[PDB]
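The structure appears right after this line, and notes come after that.
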Amino acid sequence: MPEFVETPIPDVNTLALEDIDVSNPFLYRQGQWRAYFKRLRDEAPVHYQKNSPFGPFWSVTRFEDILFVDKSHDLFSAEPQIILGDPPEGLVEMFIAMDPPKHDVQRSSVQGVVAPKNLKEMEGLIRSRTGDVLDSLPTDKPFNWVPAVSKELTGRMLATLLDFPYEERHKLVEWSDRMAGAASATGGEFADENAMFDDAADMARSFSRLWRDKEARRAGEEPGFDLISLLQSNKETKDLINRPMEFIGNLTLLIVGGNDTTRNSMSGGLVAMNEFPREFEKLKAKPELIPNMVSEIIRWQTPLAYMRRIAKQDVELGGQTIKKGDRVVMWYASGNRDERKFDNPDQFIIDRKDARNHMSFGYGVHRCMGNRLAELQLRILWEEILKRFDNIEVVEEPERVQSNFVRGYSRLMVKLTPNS
Ligand code: HEM
């Protein structure tokens, strides 16, 4: 797979409609994504690009149209992939890229790990880790929030969800980064197929051991609240290792789904607060805004820019005809900035009344399974921030990640001022 090398993105008004290529993974880093999507929403809301490095595709960029595509599982398929391109020549079936009814069967089998009753049992540990992390950070001198907080809290969460050995939690993050980030799939920075195969093999050995280990301990160990515990308590799933593709798939999806999304929500809120510092004063006055703010963070950031589908038949949309078999990209990042839905869509407004109606988790049968865990982690982060810090300043332009899919930060230099 060829690497994507950064070059300067031209002003969108300099281009013919036919030439707008929103698969470029530097649109986010260079700040051009907003104007590019505005033009599409306004002049070509259902747009066909016949020429791209990932092959041809439709872009759907308005909020209401994206809702329709996402909810229309009768017209659009999630199979075989939901990223714009393709993973390497043969690398792990996951229910995010499956249609009902098989989709439903697989998702039902793992969804209890994020049931409300279950999340209630994790809350104390999340809060204690969050507090410990924030207590460890330097004050009045800049540090990189991305490894210090966002990645650190996330890797700990991911290990808790499996019962993954805590001292090896980094491997979950690294394995997930390499998959999420294949150049061939998302225009991401990872171009070595061999390292992916090694990760795939190593992750399958690691999961297979942890399963056999936990079976051995469950003898007389009480089950915890992790996914593997729960799967080996439900009679339908207790044999899951005897179906290798479903076993590796469901576990991998859980880890990949919550890895960069939560990390980038955790980083993105500081970026939005730094761009609209009045909001942080508003928050300090009205701390009961935290739950609505979490929604507004998630909007505003939109951690995953899109999900892709294939048209099961010809479909009329936005004054066009999507043909059977065409790839179709639902641009959440565009829909969350659609002024037809959200007034002043680029402003971060903690008390925005319809923040909860964001599409960052999508809608329909694939709507994010981990949505409540993400919201719980983020509320707790901000509760714990608000107890400790009078200000939280970003001191350098953030470095943003190369990807058409992930909307994230690799460097975020922050200076904290304690309250007393
Ligand atoms: C802010 C954080 C998150 C964002 C923005 C996010 C976003 C998404 C999106 C856009 C989808 C597919 C939606 C669609 O196709 O309509 C999805 C699915 C999924 N997410 Fe998340 N997610 C986040 C956090 C999490 C976490 C923490 C986990 C796991 C603990 C997770 C697990 C999943 C899974 C398993 C699915 C597949 C659901 C299915 O296909 O039925 N997500 N997520």
Side-chain angles (χ1 to χ4, degrees), residues 22-23 33 37 40-41 44-49 54 57-85 94-101 103-104 106-108 111 114 180 185-186 253 256-258 260-261 265 295 298-315 317-322 324-342 345 354-372 374-375 404-407:
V22 292
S23 73
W33 67 280
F37 289 113
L40 291 180
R41 281 192 305 276
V46 180
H47 170 271
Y48 189 62
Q49 178 49 76
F54 304 96
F57 68 94
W58 292 93
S59 292
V60 184
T61 53
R62 290 179 185 175
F63 189 94
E64 300 290 330
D65 294 336
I66 291 157
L67 282 190
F68 177 77
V69 179
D70 217 349
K71 293 176 182 168
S72 294
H73 55 282
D74 58 332
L75 302 175
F76 294 102
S77 183
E79 299 183 12
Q81 299 295 153
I82 56 61
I83 43 63
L84 176 52
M94 305 195 299
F95 67 73
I96 197 172
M98 271 181 208
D99 303 338
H103 163 268
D104 304 336
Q106 302 300 133
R107 173 166 176 162
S108 75
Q111 73 72 219
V114 305
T186 60
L253 179 59
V256 177
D260 63 63
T261 49
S265 307
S295 289
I298 292 169
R299 181 177 65 83
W300 191 86
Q301 185 63 28
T302 313
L304 296 178
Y306 70 82
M307 284 286 153
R308 179 259 276 197
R309 306 262 108 121
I310 283 153
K312 291 161 89 147
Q313 55 170 80
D314 289 11
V315 183
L317 199 69
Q320 298 288 332
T321 303
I322 297 166
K324 183 180 183 170
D326 287 354
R327 293 191 190 180
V328 184
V329 174
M330 300 177 300
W331 290 106
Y332 304 138
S334 179
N336 283 333
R337 304 302 185 98
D338 184 357
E339 74 292 344
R340 294 160 195 83
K341 170 65 185 175
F342 299 108
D354 60 350
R356 260 72 180 262
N357 299 337
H358 74 72
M359 45 178 39
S360 301
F361 300 130
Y363 285 99
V365 303
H366 291 296
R367 181 175 166 78
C368 179
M369 197 184 80
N371 72 287
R372 299 285 163 129
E375 293 168 342
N404 65 25
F405 181 59
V406 170
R407 290 160 46 90

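Each residue takes its place number in the sequence, starting with 1.
- Judged by distance alone, with hydrogens and angles left aside, the side-chain atoms of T302 form no donor-acceptor pair with the main-chain N or O of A333 at under 3.5 Å.
- At least one donor-acceptor pair closer than 3.5 Å links the side chain of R62 to the backbone N or O of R41.
- Using a 4.5 Å cut-off on side-chain heavy atoms (C-beta onward), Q49 and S59 make no contact.
- Of all heavy-atom pairs spanning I82 and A97, the tightest one is CG2-CA, 4.0 Å.
- Using the six-membered ring where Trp is involved, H366 and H103 have ring planes that are perpendicular, over 60° apart on the 30 and 60° scheme.
- Nearest heavy atom pair, residue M359 against residue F63, reads CE-O, 3.3 Å.
- Formation of a donor-acceptor pair under 3.5 Å by the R308 side chain with backbone atoms of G85 is found in this model.
- Judged by distance alone, with hydrogens and angles left aside, the side-chain atoms of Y363 form a donor-acceptor pair with the main-chain N or O of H358 at under 3.5 Å.
- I66 contributes atom CD1, which lies 8.0 Å from atom OH of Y332 (distance to the nearest 0.5 angstrom).
- Using a cutoff of 4.0 Å between basic side-chain nitrogens and carboxylate oxygens, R309 and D70 are scored as salt-bridged.
- Side-chain atoms of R337 come within 3.5 Å of backbone atoms of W300 as a donor-acceptor pair (strictly under, hydrogens ignored).
- Ring orientation note: the planes of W331 and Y306 are nearly perpendicular, at an angle over 60° on the 30°/60° scale.
- Not a single donor-acceptor pair under 3.5 Å links the side chain of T186 to the backbone N or O of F405.
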(Q) Please evaluate residues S77 and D99 with respect to the criterion side-chain hydrogen bond (donor to acceptor under 3.5 Å, both in side chains), reporting the C-alpha separation (whole Å), side-chain torsions for both, the decisive distance (0.1 Å), and the verdict. (A) CA-CA 6 Å; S77 183; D99 303 338; 2.5 Å; yes
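- Judged purely by atom type and a 3.5 angstrom limit, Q301 uses its side chain to pair as donor or acceptor with the backbone of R407.
- In terms of modelled atom types and a separation under 3.5 Å, the side chain of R356 and the main chain of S295 share no donor-acceptor contact.
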